[PDB]
């Protein structure tokens, strides 16, 4: 791991495998190790992914292994966990996933691992916080997927809408990855021009075309799930994106799950805010000056997370 990057992936279901396929198709990592007690499916996938390695932009070494093989990984990405049953509450789900994560994080730490954790399993902000507690690592080195997917979709939708490149559009979705996440309209700007100005100086641009764009961003997963049974291509891409910012030391600003410590008036909680991501993990936290409405929405969002953490952590 001096001239080569390695990723250990824990959990080879739909998300995990699509994530692996993405890393390979994009040439993001040099080595990938897949860890999953379901050995036949996971070795099947590893073998399938090696089958076509000749066509990838860069050669990727893919293997089946276990926790000991994490020793030299730069990143461990956890996609393992039970899935939210209908009629089950999130606290009931969290109780199951905390037990699973306790074993995983424990074993990874004992292998000698000294990299970054990247958490994908739901509820992600909760499990990111737990991985921090269980691991003993600095909070900068435990990262969750946060609202990254929703943000990027929000930012692209708008980019199509006002007609600039995404690189030029500023739009963040922040808060808990879920229903209480909020748009930061007060700071949304096309090519530097605040959205509110673009709207008022125009009736080709109207708020409802915008307030529904938000409602569609928040329901995207539910509609995918309704038509196909599950969602995983989007999540895979968002994880590949985060992995790339880390392995290639990009200092990209992404709304990953980040530990807050007083900023935005929130304490002792992992939550989606814009943060600079590099080879060391979290390099810095962007502190947007929220307007009064957003500040209340956000503290509420941080609140629903603390309500879930409180029964499980002191």
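Positions refer to the first chain, counted from 1.
Per the PDB record, of the two stretches 54-62 and 257-265, 54-62 carries the greater mean B-factor over its C-alpha atoms. Mean C-alpha B-factor is higher over 190-198 than over the other stretch, the pair under comparison being 173-181 and 190-198. Highest C-alpha temperature factor among 78, 225, 110, 239 per the entry: 225. Comparing the C-alpha B-factors of 125, 140, 74, 203 in the entry, the top value falls on 203. In the PDB entry, residue 219 places in the highest third of its chain by CA B-factor. Remark: residue 40 belongs to the highest third of its chain, ranked by C-alpha B-factor as recorded. Among all modelled residues in its chain, residue 94 ranks in the lowest third by Cα B-factor. For residue 131, the recorded CA temperature factor ranks within the lowest third of the chain's modelled residues. The deposited CA B-factor of residue 152 belongs to the middle third of values across its chain.
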